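As provided, model.txt (compact mmCIF, C-alpha atoms) reads as follows.
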# COMPACT_ATOMS: atom_id res chain seq x y z
CA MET A 1 -3.40 19.26 10.91
CA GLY A 2 -1.48 17.31 13.67
CA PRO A 3 1.43 14.79 14.08
CA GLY A 4 -0.40 11.84 12.41
CA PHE A 5 -0.96 13.96 9.27
CA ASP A 6 2.70 15.14 9.52
CA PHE A 7 4.05 11.54 9.30
CA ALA A 8 1.57 10.65 6.50
CA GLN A 9 2.59 13.76 4.46
CA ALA A 10 6.32 12.93 4.90
CA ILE A 11 5.65 9.42 3.44
CA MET A 12 3.45 10.73 0.57
CA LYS A 13 5.88 13.50 -0.49
CA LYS A 14 8.91 11.17 -0.95
CA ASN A 15 7.70 7.50 -1.11
CA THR A 16 4.69 7.48 -3.51
CA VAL A 17 4.22 7.42 -7.28
CA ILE A 18 1.05 7.24 -9.40
CA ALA A 19 0.92 3.74 -10.97
CA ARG A 20 -1.36 3.04 -13.99
CA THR A 21 -2.21 -0.49 -15.20
CA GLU A 22 -5.04 -1.64 -17.56
CA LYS A 23 -7.19 -1.91 -14.34
CA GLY A 24 -6.77 1.81 -13.36
CA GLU A 25 -4.70 4.44 -11.51
CA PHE A 26 -3.35 3.44 -8.05
CA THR A 27 -1.43 5.09 -5.24
CA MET A 28 1.85 3.08 -5.19
CA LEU A 29 4.16 3.02 -2.13
CA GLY A 30 7.89 2.85 -2.83
CA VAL A 31 9.69 0.96 -0.01
CA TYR A 32 13.44 0.92 -0.89
CA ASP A 33 15.73 0.88 -3.97
CA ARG A 34 13.38 0.35 -7.01
CA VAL A 35 10.93 -1.86 -5.00
CA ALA A 36 7.28 -0.74 -4.53
CA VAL A 37 3.93 -2.33 -3.57
CA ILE A 38 0.46 -2.21 -5.15
CA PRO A 39 -2.78 -4.20 -4.63
CA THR A 40 -2.68 -7.54 -6.48
CA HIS A 41 -6.04 -6.68 -8.21
CA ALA A 42 -4.10 -3.95 -10.19
CA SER A 43 -2.91 -6.95 -12.36
CA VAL A 44 0.64 -5.62 -12.94
CA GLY A 45 2.14 -6.85 -16.25
CA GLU A 46 5.48 -6.51 -18.08
CA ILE A 47 4.97 -2.68 -18.53
CA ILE A 48 3.40 -0.17 -16.09
CA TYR A 49 3.03 3.66 -16.19
CA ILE A 50 4.79 5.47 -13.26
CA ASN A 51 3.84 9.19 -13.10
CA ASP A 52 2.68 8.77 -16.78
CA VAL A 53 6.08 7.35 -17.94
CA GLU A 54 6.27 3.92 -19.61
CA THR A 55 8.30 1.71 -17.22
CA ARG A 56 9.51 -1.91 -17.58
CA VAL A 57 8.59 -4.24 -14.68
CA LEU A 58 11.83 -6.15 -13.72
CA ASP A 59 9.97 -8.49 -11.27
CA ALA A 60 6.42 -8.77 -9.83
CA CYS A 61 5.36 -11.19 -7.04
CA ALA A 62 1.77 -11.60 -5.77
CA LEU A 63 2.37 -12.55 -2.13
CA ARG A 64 0.51 -15.46 -0.45
CA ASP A 65 0.91 -16.75 3.13
CA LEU A 66 2.33 -20.21 3.90
CA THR A 67 -1.28 -21.61 3.87
CA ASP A 68 -1.22 -20.52 0.12
CA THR A 69 -3.86 -17.82 0.97
CA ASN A 70 -3.93 -14.49 -0.98
CA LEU A 71 -2.39 -11.47 0.89
CA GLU A 72 -3.48 -8.92 -1.87
CA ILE A 73 0.04 -7.34 -1.93
CA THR A 74 2.13 -7.41 -5.14
CA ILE A 75 5.83 -6.42 -4.75
CA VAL A 76 7.07 -4.78 -7.96
CA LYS A 77 10.68 -3.99 -8.94
CA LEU A 78 10.62 -1.06 -11.43
CA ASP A 79 13.22 -0.32 -14.18
CA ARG A 80 13.48 3.26 -12.85
CA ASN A 81 16.58 5.55 -12.92
CA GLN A 82 16.08 6.62 -9.28
CA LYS A 83 15.79 4.87 -5.87
CA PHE A 84 13.14 5.46 -3.18
CA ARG A 85 14.14 6.66 0.28
CA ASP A 86 14.51 3.45 2.35
CA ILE A 87 11.45 3.35 4.72
CA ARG A 88 11.76 -0.33 5.79
CA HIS A 89 12.52 0.75 9.44
CA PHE A 90 8.92 2.20 9.57
CA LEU A 91 7.34 -1.25 8.83
CA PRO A 92 5.90 -3.31 11.71
CA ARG A 93 7.51 -6.66 12.49
CA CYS A 94 4.25 -8.42 13.60
CA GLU A 95 0.45 -8.43 13.00
CA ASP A 96 -1.20 -5.85 15.33
CA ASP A 97 -4.11 -3.45 16.03
CA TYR A 98 -3.43 0.34 15.95
CA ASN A 99 -4.97 3.60 17.18
CA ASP A 100 -5.45 6.84 15.23
CA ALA A 101 -4.44 5.85 11.64
CA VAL A 102 -4.45 8.04 8.47
CA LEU A 103 -5.21 6.74 4.96
CA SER A 104 -3.37 8.88 2.33
CA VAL A 105 -4.09 8.79 -1.46
CA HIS A 106 -2.46 10.58 -4.38
CA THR A 107 -3.94 10.08 -7.89
CA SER A 108 -5.05 12.35 -10.83
CA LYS A 109 -8.65 12.01 -9.37
CA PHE A 110 -7.67 12.41 -5.65
CA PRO A 111 -4.44 14.47 -5.20
CA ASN A 112 -3.15 15.27 -1.70
CA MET A 113 -6.01 13.33 0.03
CA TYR A 114 -5.62 12.44 3.76
CA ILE A 115 -8.40 10.64 5.78
CA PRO A 116 -8.30 10.17 9.60
CA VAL A 117 -9.75 6.61 9.71
CA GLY A 118 -9.29 6.19 13.51
CA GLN A 119 -9.00 2.76 15.17
CA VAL A 120 -7.54 -0.12 13.06
CA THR A 121 -8.53 -3.75 13.92
CA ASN A 122 -6.41 -6.83 13.09
CA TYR A 123 -9.46 -8.27 11.22
CA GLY A 124 -7.60 -11.31 9.76
CA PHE A 125 -9.72 -13.27 7.24
CA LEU A 126 -11.77 -11.44 4.57
CA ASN A 127 -13.58 -12.74 1.51
CA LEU A 128 -12.36 -9.87 -0.70
CA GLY A 129 -14.25 -9.73 -4.04
CA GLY A 130 -14.80 -13.53 -3.73
CA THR A 131 -11.08 -14.24 -2.89
CA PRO A 132 -10.19 -15.61 0.61
CA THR A 133 -7.59 -13.10 1.94
CA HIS A 134 -5.49 -13.05 5.18
CA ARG A 135 -3.71 -10.31 7.24
CA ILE A 136 -6.53 -7.73 6.67
CA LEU A 137 -6.72 -4.52 8.75
CA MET A 138 -10.20 -2.88 9.10
CA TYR A 139 -11.17 0.74 9.78
CA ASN A 140 -14.66 2.22 10.14
CA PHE A 141 -14.55 4.72 7.22
CA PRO A 142 -16.66 4.63 4.01
CA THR A 143 -13.78 4.36 1.53
CA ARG A 144 -14.54 4.44 -2.25
CA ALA A 145 -13.14 3.39 -5.63
CA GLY A 146 -10.03 5.52 -6.25
CA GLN A 147 -8.49 4.85 -2.77
CA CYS A 148 -6.92 1.41 -3.58
CA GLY A 149 -3.15 1.47 -2.96
CA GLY A 150 -3.61 4.27 -0.40
CA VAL A 151 -1.07 4.22 2.43
CA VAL A 152 -2.21 3.49 6.01
CA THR A 153 0.10 5.07 8.64
CA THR A 154 0.25 5.84 12.33
CA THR A 155 2.87 8.20 13.85
CA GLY A 156 6.14 6.42 13.12
CA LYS A 157 4.68 3.36 11.29
CA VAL A 158 3.64 2.45 7.70
CA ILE A 159 1.20 -0.42 8.45
CA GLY A 160 -0.76 -1.28 5.25
CA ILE A 161 -2.15 -0.43 1.79
CA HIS A 162 -5.92 0.03 1.15
CA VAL A 163 -7.37 -2.90 -0.92
CA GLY A 164 -11.21 -2.63 -0.55
CA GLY A 165 -14.35 -1.64 1.31
CA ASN A 166 -17.99 -2.68 1.92
CA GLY A 167 -19.48 0.87 1.87
CA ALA A 168 -19.18 1.33 5.73
CA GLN A 169 -15.74 -0.25 6.44
CA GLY A 170 -12.40 -0.06 4.61
CA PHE A 171 -9.82 -2.85 4.44
CA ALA A 172 -6.02 -2.76 4.10
CA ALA A 173 -3.42 -5.49 3.50
CA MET A 174 -0.71 -5.51 6.21
CA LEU A 175 2.82 -4.50 5.37
CA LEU A 176 5.39 -6.47 7.39
CA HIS A 177 9.17 -5.87 7.59
CA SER A 178 9.73 -9.57 6.60
CA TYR A 179 8.25 -8.96 3.10
CA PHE A 180 11.27 -6.69 2.17
CA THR A 181 14.46 -8.41 3.50
CA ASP A 182 17.22 -8.50 0.74
Would you write the structure of this file as structure tokens?
Amino acid sequence: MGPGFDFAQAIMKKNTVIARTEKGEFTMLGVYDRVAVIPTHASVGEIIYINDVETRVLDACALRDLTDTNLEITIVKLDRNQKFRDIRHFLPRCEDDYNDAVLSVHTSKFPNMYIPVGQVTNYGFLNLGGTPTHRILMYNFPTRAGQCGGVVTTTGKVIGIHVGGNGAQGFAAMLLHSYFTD
């Protein structure tokens, strides 16, 4: 509908796949080469389904900060025959608050879904499903099951992936440029 939705659509149309684990279907953001991200609660194993195709997992790393606190991001390298467009130059370098964000989801259940979530707070600490978690972004939208892995963007920046909600607020794990240096 406007330039925020334009940037979000450009990311969804080239840099997302549908990932399926034993814990469900997730929006999965591809970042560069065969490297993608998914919420750690997806419990990625040795094999994952990517757009309903059986795919070997070459590496999976559940990130934690240097206090050994959960970040809720798993970085997955996929045994896929095709690379993602490199979007690392759209990742923020530092923790920050944002205005006017969009949460975008693409699954069998929720195809082509875009939500204007508005103002995003650097929330920091969250007890997420009983797990102490750091680098959490918060938005005041009643997100639901089915939105986990959804991409949070502003114009020009890919800032997080949706990892939970409390019925009134939604929560994303930050993406930082430093997670994807090679």
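Between residue 166 of chain A and the candidates A:136, A:76, A:152, A:128, the tightest atom-to-atom separation, counting only C-alpha atoms, involves A:128.
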| query | For the point (15.7, 4.8, -1.4) in file coordinates, what residues are within 7 Å, counting all atoms listed in the file? Give the answer as number ranges by chain? | reply | A: 32-33, 83-86
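Ranking A:124, A:160, A:130, A:170 by their shortest atom-to-atom distance to residue 142 of chain A, with all atoms listed in the file included, puts A:170 first.
With all atoms listed in the file as the atoms that count, the minimum distance from residue 39 of chain A to the choices A:120, A:18, A:163, A:138 is reached by A:163.
Nearest residue to residue 64 of chain A, choosing from A:173, A:28, A:17, A:105 and counting only C-alpha atoms: A:173.
For the choices A:145, A:75, A:57, A:10, the atom-to-atom distance to residue 35 of chain A is smallest for A:75 when using all atoms listed in the file.
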| said: Counting all atoms listed in the file, which residues have an atom no more than 8 Å from (4.9, -8.2, -14.5) in the file's coordinates? Please list them as a count of residues only. | reply: 9
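Proximity of A:67, A:40, A:147, A:15 to residue 82 of chain A, computed with all atoms listed in the file, is greatest for A:15.
All residues of protein, DNA or RNA that reach within 6 Å of residue 92 of chain A, judged by all atoms listed in the file and not counting those fewer than 2 positions away in the chain, are residues 94, 176 and 177 of chain A.
When atom CA of residue 34 of chain A is paired with atom CA of residue 52 of chain A, their separation reads 16.8 Å.
Atom pair atom CA of residue 31 of chain A / atom CA of residue 73 of chain A has a distance of 12.9 Å (rounded to one decimal).
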Residue neighbourhood residue 162 of chain A, 6 Å, all atoms listed in the file, exclusion window fewer than 5 positions, as a short mmCIF file (atom, residue, chain, number, x, y, z; two decimals) with C-alpha atoms, in the frame of the given file:
data_model
loop_
_atom_site.label_atom_id
_atom_site.label_comp_id
_atom_site.auth_asym_id
_atom_site.auth_seq_id
_atom_site.Cartn_x
_atom_site.Cartn_y
_atom_site.Cartn_z
CA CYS A 148 -6.92 1.41 -3.58
CA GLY A 149 -3.15 1.47 -2.96
CA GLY A 150 -3.61 4.27 -0.40
CA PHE A 171 -9.82 -2.85 4.44
CA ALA A 172 -6.02 -2.76 4.10
#
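The two atoms in question, atom CA of residue 182 of chain A and atom CA of residue 37 of chain A, are spaced 15.3 Å apart.
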Taking a cut-off of 6 Å and counting only C-alpha atoms, can you build a table that, for each residue of segment 10-118 of chain A near segment 153-157 of chain A, reports the nearest atom pair and how far apart they are in Å (one decimal), sorted by chain then residue number, as a Markdown table?
| residue | atom | partner | partner_atom | distance |
| --- | --- | --- | --- | --- |
| A:90 | CA | A:157 | CA | 4.7 |
| A:91 | CA | A:157 | CA | 5.9 |
| A:101 | CA | A:154 | CA | 4.7 |
| A:102 | CA | A:153 | CA | 5.4 |
| task | Compile the contact shell of residue 108 of chain A as a PyMOL selection string: residues with an atom at most 10 Å away, counting only C-alpha atoms, same-chain residues fewer than 3 positions apart removed. | result | chain A and resi 18+25-27+51+111-112+146
